$ cat protein_28.cif   # mmCIF, N, CA and C atoms
data_structure
#
loop_
_atom_site.label_atom_id
_atom_site.label_comp_id
_atom_site.auth_asym_id
_atom_site.auth_seq_id
_atom_site.Cartn_x
_atom_site.Cartn_y
_atom_site.Cartn_z
N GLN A 65 94.24 97.94 135.87
CA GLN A 65 93.87 98.36 134.52
C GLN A 65 95.10 98.80 133.73
N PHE A 66 95.04 98.62 132.41
CA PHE A 66 96.14 99.00 131.54
C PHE A 66 95.59 99.36 130.17
N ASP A 67 96.40 100.09 129.41
CA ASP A 67 96.05 100.53 128.07
C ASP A 67 97.03 99.96 127.06
N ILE A 68 96.51 99.51 125.92
CA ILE A 68 97.31 98.91 124.86
C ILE A 68 97.12 99.74 123.60
N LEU A 69 98.23 100.17 123.00
CA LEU A 69 98.21 100.97 121.78
C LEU A 69 98.48 100.09 120.57
N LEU A 70 97.70 100.30 119.51
CA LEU A 70 97.86 99.51 118.30
C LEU A 70 99.14 99.90 117.56
N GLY A 71 99.24 101.15 117.16
CA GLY A 71 100.41 101.64 116.46
C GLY A 71 100.05 102.81 115.57
N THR A 72 101.03 103.23 114.78
CA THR A 72 100.87 104.34 113.84
C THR A 72 101.27 103.88 112.45
N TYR A 73 100.41 104.16 111.47
CA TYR A 73 100.65 103.78 110.08
C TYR A 73 100.69 105.03 109.21
N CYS A 74 101.63 105.05 108.27
CA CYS A 74 101.80 106.18 107.36
C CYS A 74 101.15 105.86 106.02
N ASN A 75 100.57 106.89 105.40
CA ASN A 75 99.91 106.72 104.12
C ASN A 75 100.93 106.71 102.99
N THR A 76 100.76 105.77 102.06
CA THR A 76 101.65 105.61 100.91
C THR A 76 100.80 105.76 99.65
N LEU A 77 100.67 106.99 99.17
CA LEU A 77 99.89 107.26 97.98
C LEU A 77 100.68 106.90 96.72
N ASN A 78 99.96 106.77 95.61
CA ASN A 78 100.55 106.43 94.33
C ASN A 78 100.67 107.68 93.46
N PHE A 79 101.19 107.50 92.25
CA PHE A 79 101.37 108.59 91.31
C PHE A 79 100.95 108.14 89.92
N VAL A 80 100.95 109.09 88.99
CA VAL A 80 100.57 108.83 87.61
C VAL A 80 101.62 109.45 86.69
N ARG A 81 101.68 108.94 85.46
CA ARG A 81 102.64 109.43 84.48
C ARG A 81 102.25 110.83 84.04
N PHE A 82 103.09 111.82 84.35
CA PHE A 82 102.81 113.20 84.00
C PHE A 82 104.01 113.83 83.30
N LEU A 83 105.21 113.32 83.59
CA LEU A 83 106.41 113.89 83.00
C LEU A 83 106.47 113.63 81.49
N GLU A 84 105.95 112.49 81.04
CA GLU A 84 106.00 112.13 79.63
C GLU A 84 104.70 112.44 78.89
N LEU A 85 103.67 112.91 79.59
CA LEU A 85 102.39 113.23 78.96
C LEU A 85 102.04 114.70 79.07
N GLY A 86 102.04 115.26 80.29
CA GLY A 86 101.69 116.66 80.46
C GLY A 86 102.68 117.60 79.79
N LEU A 87 103.96 117.25 79.83
CA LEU A 87 105.01 118.06 79.23
C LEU A 87 105.30 117.67 77.78
N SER A 88 104.44 116.86 77.17
CA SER A 88 104.66 116.42 75.79
C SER A 88 103.44 116.71 74.93
N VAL A 89 102.25 116.69 75.53
CA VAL A 89 101.02 116.92 74.78
C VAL A 89 100.43 118.32 75.00
N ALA A 90 100.87 119.03 76.04
CA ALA A 90 100.35 120.35 76.36
C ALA A 90 101.38 121.45 76.17
N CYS A 91 102.55 121.32 76.78
CA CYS A 91 103.60 122.32 76.70
C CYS A 91 104.89 121.69 76.17
N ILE A 92 105.77 122.55 75.68
CA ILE A 92 107.06 122.14 75.14
C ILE A 92 108.16 122.84 75.92
N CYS A 93 109.14 122.07 76.39
CA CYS A 93 110.23 122.61 77.19
C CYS A 93 111.38 123.02 76.28
N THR A 94 111.86 124.25 76.46
CA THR A 94 112.96 124.77 75.66
C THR A 94 113.78 125.71 76.53
N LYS A 95 115.07 125.41 76.69
CA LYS A 95 115.94 126.22 77.52
C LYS A 95 116.36 127.49 76.78
N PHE A 96 116.37 128.60 77.51
CA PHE A 96 116.76 129.91 76.96
C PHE A 96 117.48 130.69 78.05
N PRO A 97 118.77 130.42 78.26
CA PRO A 97 119.52 131.15 79.29
C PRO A 97 119.57 132.65 79.06
N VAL B 290 76.18 93.71 98.79
CA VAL B 290 75.32 92.81 99.56
C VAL B 290 73.88 93.13 99.23
N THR B 291 73.16 92.15 98.69
CA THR B 291 71.76 92.32 98.32
C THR B 291 70.98 91.09 98.74
N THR B 292 69.69 91.29 99.02
CA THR B 292 68.83 90.23 99.53
C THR B 292 67.38 90.61 99.22
N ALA B 293 66.45 89.90 99.84
CA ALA B 293 65.01 90.20 99.81
C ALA B 293 64.53 90.20 98.35
N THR B 294 63.45 90.94 98.07
CA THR B 294 62.95 91.05 96.71
C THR B 294 63.80 91.98 95.85
N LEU B 295 64.64 92.81 96.48
CA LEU B 295 65.54 93.67 95.71
C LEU B 295 66.52 92.84 94.89
N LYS B 296 67.08 91.79 95.49
CA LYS B 296 67.98 90.91 94.74
C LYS B 296 67.25 90.22 93.60
N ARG B 297 66.01 89.76 93.84
CA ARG B 297 65.24 89.10 92.80
C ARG B 297 64.97 90.04 91.63
N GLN B 298 64.56 91.28 91.94
CA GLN B 298 64.27 92.23 90.87
C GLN B 298 65.55 92.63 90.13
N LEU B 299 66.67 92.72 90.85
CA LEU B 299 67.94 93.05 90.19
C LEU B 299 68.36 91.94 89.23
N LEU B 300 68.26 90.68 89.67
CA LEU B 300 68.65 89.58 88.80
C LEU B 300 67.66 89.39 87.66
N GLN B 301 66.40 89.80 87.85
CA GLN B 301 65.45 89.76 86.75
C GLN B 301 65.69 90.87 85.74
N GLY B 302 66.15 92.04 86.20
CA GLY B 302 66.29 93.17 85.31
C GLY B 302 67.64 93.37 84.65
N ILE B 303 68.72 93.42 85.43
CA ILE B 303 70.00 93.85 84.88
C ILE B 303 71.14 92.92 85.27
N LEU B 304 70.91 92.06 86.26
CA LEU B 304 71.95 91.19 86.79
C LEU B 304 71.83 89.80 86.18
N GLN B 305 72.95 89.27 85.70
CA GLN B 305 73.01 87.94 85.10
C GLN B 305 74.15 87.15 85.71
N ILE B 306 73.96 85.84 85.82
CA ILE B 306 74.95 84.97 86.42
C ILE B 306 76.09 84.73 85.43
N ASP B 307 77.32 84.91 85.89
CA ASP B 307 78.51 84.70 85.08
C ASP B 307 79.41 83.59 85.61
N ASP B 308 79.65 83.56 86.91
CA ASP B 308 80.49 82.54 87.53
C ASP B 308 79.63 81.59 88.35
N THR B 309 80.18 80.40 88.60
CA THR B 309 79.46 79.37 89.35
C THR B 309 80.28 78.89 90.54
N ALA B 310 81.60 78.84 90.38
CA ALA B 310 82.49 78.37 91.43
C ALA B 310 83.56 79.41 91.70
N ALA B 311 84.00 79.47 92.96
CA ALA B 311 85.03 80.41 93.37
C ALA B 311 85.78 79.83 94.57
N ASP B 312 86.98 80.36 94.80
CA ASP B 312 87.83 79.93 95.90
C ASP B 312 88.26 81.14 96.71
N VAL B 313 88.45 80.93 98.01
CA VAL B 313 88.86 81.97 98.94
C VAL B 313 90.16 81.54 99.61
N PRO B 314 91.26 82.27 99.44
CA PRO B 314 92.51 81.90 100.11
C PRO B 314 92.43 82.15 101.61
N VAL B 315 93.27 81.42 102.34
CA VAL B 315 93.36 81.53 103.79
C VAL B 315 94.72 82.11 104.14
N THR B 316 94.72 83.22 104.87
CA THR B 316 95.94 83.90 105.29
C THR B 316 95.84 84.23 106.77
N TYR B 317 96.78 83.71 107.56
CA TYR B 317 96.82 83.93 108.99
C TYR B 317 98.12 84.62 109.37
N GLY B 318 98.02 85.59 110.28
CA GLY B 318 99.19 86.32 110.74
C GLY B 318 99.25 86.46 112.24
N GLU B 319 100.35 86.01 112.84
CA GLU B 319 100.55 86.07 114.28
C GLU B 319 101.68 87.03 114.60
N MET B 320 101.42 88.00 115.48
CA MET B 320 102.43 88.97 115.86
C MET B 320 103.46 88.34 116.79
N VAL B 321 104.67 88.89 116.77
CA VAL B 321 105.74 88.39 117.62
C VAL B 321 105.48 88.80 119.06
N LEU B 322 105.70 87.87 119.99
CA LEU B 322 105.49 88.12 121.41
C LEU B 322 106.76 87.96 122.24
N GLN B 323 107.92 87.89 121.60
CA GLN B 323 109.20 87.72 122.28
C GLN B 323 109.96 89.04 122.26
N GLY B 324 110.45 89.46 123.42
CA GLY B 324 111.19 90.70 123.52
C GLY B 324 111.18 91.30 124.92
N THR B 325 110.97 92.61 125.00
CA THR B 325 110.94 93.32 126.27
C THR B 325 109.52 93.60 126.75
N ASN B 326 108.52 92.97 126.14
CA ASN B 326 107.13 93.25 126.51
C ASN B 326 106.86 92.86 127.96
N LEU B 327 107.32 91.69 128.39
CA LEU B 327 107.03 91.22 129.74
C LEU B 327 107.68 92.13 130.78
N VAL B 328 108.95 92.47 130.60
CA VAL B 328 109.64 93.30 131.57
C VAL B 328 109.06 94.71 131.58
N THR B 329 108.76 95.27 130.41
CA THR B 329 108.18 96.61 130.37
C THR B 329 106.78 96.63 130.98
N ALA B 330 106.03 95.52 130.87
CA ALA B 330 104.72 95.46 131.49
C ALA B 330 104.82 95.32 133.00
N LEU B 331 105.81 94.57 133.48
CA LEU B 331 105.95 94.40 134.92
C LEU B 331 106.60 95.61 135.59
N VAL B 332 107.29 96.47 134.84
CA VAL B 332 107.90 97.65 135.45
C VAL B 332 107.02 98.88 135.25
N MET B 333 106.17 98.87 134.21
CA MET B 333 105.33 100.01 133.90
C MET B 333 103.85 99.70 134.07
N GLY B 334 103.35 98.66 133.40
CA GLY B 334 101.94 98.32 133.47
C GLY B 334 101.26 98.30 132.12
N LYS B 335 101.65 99.22 131.24
CA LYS B 335 101.10 99.31 129.90
C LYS B 335 102.12 98.84 128.88
N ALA B 336 101.62 98.51 127.69
CA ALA B 336 102.46 98.02 126.60
C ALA B 336 102.12 98.76 125.32
N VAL B 337 103.13 98.94 124.47
CA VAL B 337 102.98 99.61 123.18
C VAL B 337 103.42 98.63 122.09
N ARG B 338 102.55 98.44 121.10
CA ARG B 338 102.83 97.52 119.99
C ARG B 338 103.63 98.28 118.94
N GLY B 339 104.93 98.03 118.88
CA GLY B 339 105.82 98.65 117.94
C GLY B 339 106.05 97.80 116.71
N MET B 340 107.25 97.95 116.13
CA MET B 340 107.66 97.20 114.93
C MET B 340 106.68 97.43 113.78
N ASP B 341 106.51 98.71 113.43
CA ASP B 341 105.62 99.10 112.35
C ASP B 341 106.25 100.09 111.38
N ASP B 342 107.50 100.51 111.60
CA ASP B 342 108.17 101.45 110.71
C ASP B 342 109.66 101.15 110.74
N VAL B 343 110.17 100.57 109.66
CA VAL B 343 111.59 100.24 109.58
C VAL B 343 112.39 101.38 108.98
N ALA B 344 111.95 101.90 107.84
CA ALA B 344 112.65 103.00 107.18
C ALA B 344 111.68 104.09 106.76
N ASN B 377 92.19 74.89 98.91
CA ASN B 377 91.69 75.27 100.23
C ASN B 377 90.23 74.85 100.40
N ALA B 378 89.32 75.80 100.17
CA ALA B 378 87.89 75.56 100.29
C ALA B 378 87.18 76.11 99.06
N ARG B 379 86.12 75.42 98.66
CA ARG B 379 85.32 75.80 97.50
C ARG B 379 83.90 76.10 97.95
N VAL B 380 83.39 77.27 97.58
CA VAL B 380 82.04 77.68 97.93
C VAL B 380 81.37 78.28 96.69
N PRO B 381 80.17 77.82 96.34
CA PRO B 381 79.48 78.40 95.17
C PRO B 381 79.12 79.86 95.40
N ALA B 382 79.14 80.63 94.32
CA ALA B 382 78.84 82.05 94.37
C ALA B 382 78.40 82.50 92.97
N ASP B 383 77.95 83.75 92.89
CA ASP B 383 77.52 84.34 91.63
C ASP B 383 78.14 85.72 91.48
N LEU B 384 78.65 86.00 90.28
CA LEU B 384 79.30 87.27 89.99
C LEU B 384 78.64 87.92 88.78
N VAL B 385 78.51 89.25 88.84
CA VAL B 385 77.93 90.02 87.76
C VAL B 385 78.95 91.05 87.28
N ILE B 386 78.72 91.57 86.08
CA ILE B 386 79.59 92.56 85.46
C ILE B 386 78.75 93.76 85.07
N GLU C 98 96.64 87.35 124.29
CA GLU C 98 96.70 88.26 125.43
C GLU C 98 95.74 89.44 125.24
N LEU C 99 94.46 89.10 125.15
CA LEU C 99 93.40 90.08 124.97
C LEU C 99 92.77 90.41 126.32
N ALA C 100 92.67 91.70 126.62
CA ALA C 100 92.10 92.16 127.88
C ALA C 100 91.45 93.52 127.64
N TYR C 101 91.16 94.23 128.73
CA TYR C 101 90.56 95.55 128.62
C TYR C 101 91.53 96.53 127.98
N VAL C 102 91.01 97.36 127.07
CA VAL C 102 91.82 98.32 126.35
C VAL C 102 91.57 99.72 126.92
N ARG C 103 90.38 99.93 127.47
CA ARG C 103 89.97 101.22 128.02
C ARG C 103 90.11 102.33 126.98
N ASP C 104 89.68 102.04 125.76
CA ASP C 104 89.73 102.98 124.63
C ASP C 104 91.20 103.35 124.38
N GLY C 105 91.44 104.56 123.88
CA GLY C 105 92.79 105.00 123.60
C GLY C 105 92.78 106.19 122.65
N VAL C 106 93.92 106.41 122.02
CA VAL C 106 94.10 107.50 121.07
C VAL C 106 94.66 106.94 119.77
N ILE C 107 94.40 107.65 118.68
CA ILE C 107 94.86 107.26 117.35
C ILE C 107 95.45 108.48 116.65
N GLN C 108 96.26 108.22 115.64
CA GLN C 108 96.90 109.27 114.87
C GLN C 108 97.03 108.83 113.42
N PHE C 109 96.71 109.73 112.50
CA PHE C 109 96.79 109.47 111.07
C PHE C 109 97.53 110.61 110.38
N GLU C 110 98.21 110.27 109.29
CA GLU C 110 98.97 111.25 108.52
C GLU C 110 98.78 110.94 107.04
N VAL C 111 98.12 111.85 106.32
CA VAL C 111 97.87 111.72 104.89
C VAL C 111 98.47 112.92 104.19
N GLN C 112 99.30 112.67 103.18
CA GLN C 112 99.96 113.74 102.44
C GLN C 112 98.97 114.35 101.45
N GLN C 113 98.72 115.65 101.59
CA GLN C 113 97.82 116.38 100.71
C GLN C 113 98.61 117.36 99.87
N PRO C 114 98.65 117.20 98.55
CA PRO C 114 99.38 118.15 97.71
C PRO C 114 98.79 119.55 97.79
N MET C 115 99.66 120.55 97.76
CA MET C 115 99.26 121.94 97.82
C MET C 115 99.18 122.53 96.41
N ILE C 116 98.98 123.84 96.33
CA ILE C 116 98.89 124.55 95.06
C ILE C 116 99.84 125.74 95.10
N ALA C 117 100.24 126.18 93.91
CA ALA C 117 101.15 127.31 93.76
C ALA C 117 100.52 128.35 92.84
N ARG C 118 100.43 129.58 93.32
CA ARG C 118 99.88 130.67 92.53
C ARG C 118 100.41 131.99 93.06
N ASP C 119 100.32 133.02 92.23
CA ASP C 119 100.80 134.35 92.60
C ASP C 119 99.97 135.40 91.88
N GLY C 120 100.01 136.62 92.41
CA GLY C 120 99.27 137.72 91.84
C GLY C 120 98.60 138.57 92.90
N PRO C 121 97.46 139.17 92.56
CA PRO C 121 96.74 139.98 93.55
C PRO C 121 96.28 139.18 94.76
N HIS C 122 95.94 137.91 94.58
CA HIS C 122 95.51 137.09 95.70
C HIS C 122 96.69 136.80 96.63
N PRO C 123 96.44 136.69 97.93
CA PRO C 123 97.53 136.38 98.87
C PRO C 123 98.10 134.99 98.63
N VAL C 124 99.39 134.85 98.94
CA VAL C 124 100.06 133.56 98.75
C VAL C 124 99.55 132.55 99.78
N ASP C 125 99.66 131.28 99.42
CA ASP C 125 99.20 130.18 100.26
C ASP C 125 100.39 129.37 100.75
N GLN C 126 100.32 128.93 102.00
CA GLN C 126 101.37 128.14 102.62
C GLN C 126 100.79 126.84 103.16
N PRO C 127 101.55 125.75 103.12
CA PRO C 127 101.05 124.48 103.65
C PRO C 127 100.84 124.54 105.15
N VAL C 128 99.83 123.80 105.61
CA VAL C 128 99.49 123.73 107.02
C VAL C 128 99.27 122.27 107.39
N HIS C 129 99.45 121.97 108.68
CA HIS C 129 99.27 120.63 109.21
C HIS C 129 98.30 120.68 110.38
N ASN C 130 97.26 119.85 110.32
CA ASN C 130 96.25 119.78 111.36
C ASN C 130 96.12 118.34 111.84
N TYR C 131 96.15 118.15 113.16
CA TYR C 131 96.03 116.84 113.78
C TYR C 131 94.77 116.80 114.63
N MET C 132 93.95 115.77 114.44
CA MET C 132 92.71 115.60 115.18
C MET C 132 92.72 114.23 115.85
N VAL C 133 92.39 114.20 117.14
CA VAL C 133 92.34 112.97 117.90
C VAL C 133 90.89 112.49 117.97
N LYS C 134 90.72 111.19 118.17
CA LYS C 134 89.41 110.58 118.26
C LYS C 134 89.42 109.54 119.38
N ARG C 135 88.31 108.83 119.52
CA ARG C 135 88.15 107.79 120.53
C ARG C 135 87.54 106.55 119.89
N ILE C 136 87.41 105.49 120.68
CA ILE C 136 86.85 104.23 120.23
C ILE C 136 85.83 103.75 121.24
N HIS C 137 84.95 102.85 120.79
CA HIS C 137 83.90 102.29 121.62
C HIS C 137 84.08 100.78 121.72
N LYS C 138 83.91 100.25 122.93
CA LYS C 138 84.05 98.83 123.20
C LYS C 138 82.68 98.22 123.45
N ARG C 139 82.38 97.13 122.75
CA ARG C 139 81.10 96.46 122.88
C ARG C 139 81.14 95.45 124.03
N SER C 140 79.98 94.89 124.34
CA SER C 140 79.83 93.91 125.41
C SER C 140 79.20 92.64 124.85
N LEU C 141 79.68 91.49 125.32
CA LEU C 141 79.20 90.19 124.88
C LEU C 141 78.61 89.45 126.07
N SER C 142 77.38 88.96 125.91
CA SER C 142 76.69 88.22 126.96
C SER C 142 76.08 86.96 126.37
N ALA C 143 76.24 85.85 127.09
CA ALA C 143 75.70 84.56 126.65
C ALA C 143 75.56 83.66 127.87
N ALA C 144 74.35 83.17 128.11
CA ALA C 144 74.08 82.31 129.25
C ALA C 144 72.88 81.43 128.94
N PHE C 145 72.75 80.35 129.70
CA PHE C 145 71.64 79.42 129.54
C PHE C 145 70.96 79.16 130.88
#
$ encode --input "protein_28.cif" --output "structure tokens"
Amino acid sequence: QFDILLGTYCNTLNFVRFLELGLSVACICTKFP
Amino acid sequence: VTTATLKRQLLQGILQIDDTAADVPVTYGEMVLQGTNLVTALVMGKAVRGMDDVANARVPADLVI
Amino acid sequence: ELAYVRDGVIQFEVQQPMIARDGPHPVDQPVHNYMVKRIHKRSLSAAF
């Protein structure tokens, strides 16, 4: 008898545009040292 | 997947035929069997399938929207 | 080269985004949990 392993797969999720929408329509970035 | 009288009632009520012909591509994939599999099986007994992380025909059908 | 597999073990890894907050509520830290499972093998019979 013997055992055979299939393998290991990693999840590759996607993303959405947030840098040009969330920081442009909701909040405004302004540096103030 | 629908059948029986449920399919008939669906097509009578809300489902309408849009397409008549469709094609299905054929894709076959064979894994590599050349390497250290034979020696590792004869010295150990078990095998591990690695190499997973580095870094036509016309058949009628009906489609609804 | 298909033969008996005698079931086996599996492993999955899905990235889950965390949250950031502060105040009276205690802070939250990311955690990792791994759960193992098994498989079932069917039987095929055909004779005349």
$ atom_distance --input "protein_28.cif" --atom1 "CA of residue 135 in chain C" --atom2 "CA of residue 322 in chain B"
26.2 Å
$ select_by_dssp --input "protein_28.cif" --residues "chain A" --states "alpha helix (DSSP H)" --output "PyMOL selection string"
chain A and resi 86-89
$ resolve_selection --input "protein_28.cif" --expression "the PyMOL selection byres (((chain B and resi 306-314 and name CA) around 7) and name CA)" --output "short mmCIF file (atom, residue, chain, number, x, y, z; two decimals) with N, CA and C atoms, in the frame of the given file"
data_model
loop_
_atom_site.label_atom_id
_atom_site.label_comp_id
_atom_site.auth_asym_id
_atom_site.auth_seq_id
_atom_site.Cartn_x
_atom_site.Cartn_y
_atom_site.Cartn_z
N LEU B 304 70.91 92.06 86.26
CA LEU B 304 71.95 91.19 86.79
C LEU B 304 71.83 89.80 86.18
N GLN B 305 72.95 89.27 85.70
CA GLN B 305 73.01 87.94 85.10
C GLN B 305 74.15 87.15 85.71
N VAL B 315 93.27 81.42 102.34
CA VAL B 315 93.36 81.53 103.79
C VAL B 315 94.72 82.11 104.14
N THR B 316 94.72 83.22 104.87
CA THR B 316 95.94 83.90 105.29
C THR B 316 95.84 84.23 106.77
N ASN B 377 92.19 74.89 98.91
CA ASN B 377 91.69 75.27 100.23
C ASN B 377 90.23 74.85 100.40
N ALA B 378 89.32 75.80 100.17
CA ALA B 378 87.89 75.56 100.29
C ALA B 378 87.18 76.11 99.06
N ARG B 379 86.12 75.42 98.66
CA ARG B 379 85.32 75.80 97.50
C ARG B 379 83.90 76.10 97.95
N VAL B 380 83.39 77.27 97.58
CA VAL B 380 82.04 77.68 97.93
C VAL B 380 81.37 78.28 96.69
N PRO B 381 80.17 77.82 96.34
CA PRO B 381 79.48 78.40 95.17
C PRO B 381 79.12 79.86 95.40
N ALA B 382 79.14 80.63 94.32
CA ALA B 382 78.84 82.05 94.37
C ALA B 382 78.40 82.50 92.97
N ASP B 383 77.95 83.75 92.89
CA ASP B 383 77.52 84.34 91.63
C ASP B 383 78.14 85.72 91.48
N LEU B 384 78.65 86.00 90.28
CA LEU B 384 79.30 87.27 89.99
C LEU B 384 78.64 87.92 88.78
N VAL B 385 78.51 89.25 88.84
CA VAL B 385 77.93 90.02 87.76
C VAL B 385 78.95 91.05 87.28
#
$ residues_around --input "protein_28.cif" --residues "range 118-134 of chain C" --least-positions-apart "4" --cutoff "7 Å" --atoms "only N, CA and C atoms" --output "number ranges by chain"
C: 105-109
$ atom_distance --input "protein_28.cif" --atom1 "atom C of residue 104 in chain C" --atom2 "atom C of residue 69 in chain A"
8.8 Å
$ resolve_selection --input "protein_28.cif" --expression "the PyMOL selection byres ((chain A) within 6 of (chain C))" --output "mmCIF file with N, CA and C atoms, keeping the file's coordinate frame"
data_model
loop_
_atom_site.group_PDB
_atom_site.id
_atom_site.type_symbol
_atom_site.label_atom_id
_atom_site.label_comp_id
_atom_site.auth_asym_id
_atom_site.auth_seq_id
_atom_site.Cartn_x
_atom_site.Cartn_y
_atom_site.Cartn_z
ATOM 1 N N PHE A 66 95.040 98.620 132.410
ATOM 2 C CA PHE A 66 96.140 99.000 131.540
ATOM 3 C C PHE A 66 95.590 99.360 130.170
ATOM 4 N N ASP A 67 96.400 100.090 129.410
ATOM 5 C CA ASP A 67 96.050 100.530 128.070
ATOM 6 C C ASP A 67 97.030 99.960 127.060
ATOM 7 N N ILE A 68 96.510 99.510 125.920
ATOM 8 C CA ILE A 68 97.310 98.910 124.860
ATOM 9 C C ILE A 68 97.120 99.740 123.600
ATOM 10 N N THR A 72 101.030 103.230 114.780
ATOM 11 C CA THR A 72 100.870 104.340 113.840
ATOM 12 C C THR A 72 101.270 103.880 112.450
ATOM 13 N N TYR A 73 100.410 104.160 111.470
ATOM 14 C CA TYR A 73 100.650 103.780 110.080
ATOM 15 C C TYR A 73 100.690 105.030 109.210
ATOM 16 N N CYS A 74 101.630 105.050 108.270
ATOM 17 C CA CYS A 74 101.800 106.180 107.360
ATOM 18 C C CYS A 74 101.150 105.860 106.020
ATOM 19 N N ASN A 75 100.570 106.890 105.400
ATOM 20 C CA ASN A 75 99.910 106.720 104.120
ATOM 21 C C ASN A 75 100.930 106.710 102.990
#
$ closest_residue --input "protein_28.cif" --among "B:303, B:293, B:337, B:331" --to "chain A" --atoms "only N, CA and C atoms"
B:337
$ atom_distance --input "protein_28.cif" --atom1 "CA of residue 71 in chain A" --atom2 "CA of residue 327 in chain B"
18.1 Å
$ resolve_selection --input "protein_28.cif" --expression "the PyMOL selection byres ((chain B and name CA) within 9 of (chain A and name CA))" --output "JSON, numbers by chain"
{"B": [334, 335, 336, 337, 338, 339, 340, 341, 342]}
$ axis_aligned_box --input "protein_28.cif" --around "range 84-94 of chain A" --padding-each-side "5 Å" --output "AutoDock Vina command-line options"
--center_x 107.1 --center_y 118.9 --center_z 77.9 --size_x 23.4 --size_y 23.6 --size_z 16.3
$ build_atoms --input "protein_28.cif" --residues "range 109-122 of chain C" --atoms "N, CA, C and O atoms" --output "compact mmCIF listing (two decimals), in the coordinates of the input"
# COMPACT_ATOMS: atom_id res chain seq x y z
N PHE C 109 96.71 109.73 112.50
CA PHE C 109 96.79 109.47 111.07
C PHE C 109 97.53 110.61 110.38
O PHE C 109 97.49 111.76 110.83
N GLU C 110 98.21 110.27 109.29
CA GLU C 110 98.97 111.25 108.52
C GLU C 110 98.78 110.94 107.04
O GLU C 110 99.23 109.90 106.55
N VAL C 111 98.12 111.85 106.32
CA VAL C 111 97.87 111.72 104.89
C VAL C 111 98.47 112.92 104.19
O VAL C 111 98.18 114.07 104.55
N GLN C 112 99.30 112.67 103.18
CA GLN C 112 99.96 113.74 102.44
C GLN C 112 98.97 114.35 101.45
O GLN C 112 98.44 113.66 100.58
N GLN C 113 98.72 115.65 101.59
CA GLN C 113 97.82 116.38 100.71
C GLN C 113 98.61 117.36 99.87
O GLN C 113 99.22 118.29 100.42
N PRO C 114 98.65 117.20 98.55
CA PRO C 114 99.38 118.15 97.71
C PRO C 114 98.79 119.55 97.79
O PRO C 114 97.57 119.72 97.89
N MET C 115 99.66 120.55 97.76
CA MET C 115 99.26 121.94 97.82
C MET C 115 99.18 122.53 96.41
O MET C 115 99.30 121.82 95.41
N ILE C 116 98.98 123.84 96.33
CA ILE C 116 98.89 124.55 95.06
C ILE C 116 99.84 125.74 95.10
O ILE C 116 100.19 126.26 96.17
N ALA C 117 100.24 126.18 93.91
CA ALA C 117 101.15 127.31 93.76
C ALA C 117 100.52 128.35 92.84
O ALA C 117 100.13 128.02 91.72
N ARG C 118 100.43 129.58 93.32
CA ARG C 118 99.88 130.67 92.53
C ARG C 118 100.41 131.99 93.06
O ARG C 118 100.90 132.07 94.19
N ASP C 119 100.32 133.02 92.23
CA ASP C 119 100.80 134.35 92.60
C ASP C 119 99.97 135.40 91.88
O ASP C 119 99.32 135.12 90.87
N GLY C 120 100.01 136.62 92.41
CA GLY C 120 99.27 137.72 91.84
C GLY C 120 98.60 138.57 92.90
O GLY C 120 99.09 138.69 94.03
N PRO C 121 97.46 139.17 92.56
CA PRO C 121 96.74 139.98 93.55
C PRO C 121 96.28 139.18 94.76
O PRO C 121 96.23 139.73 95.87
N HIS C 122 95.94 137.91 94.58
CA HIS C 122 95.51 137.09 95.70
C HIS C 122 96.69 136.80 96.63
O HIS C 122 97.83 136.68 96.18
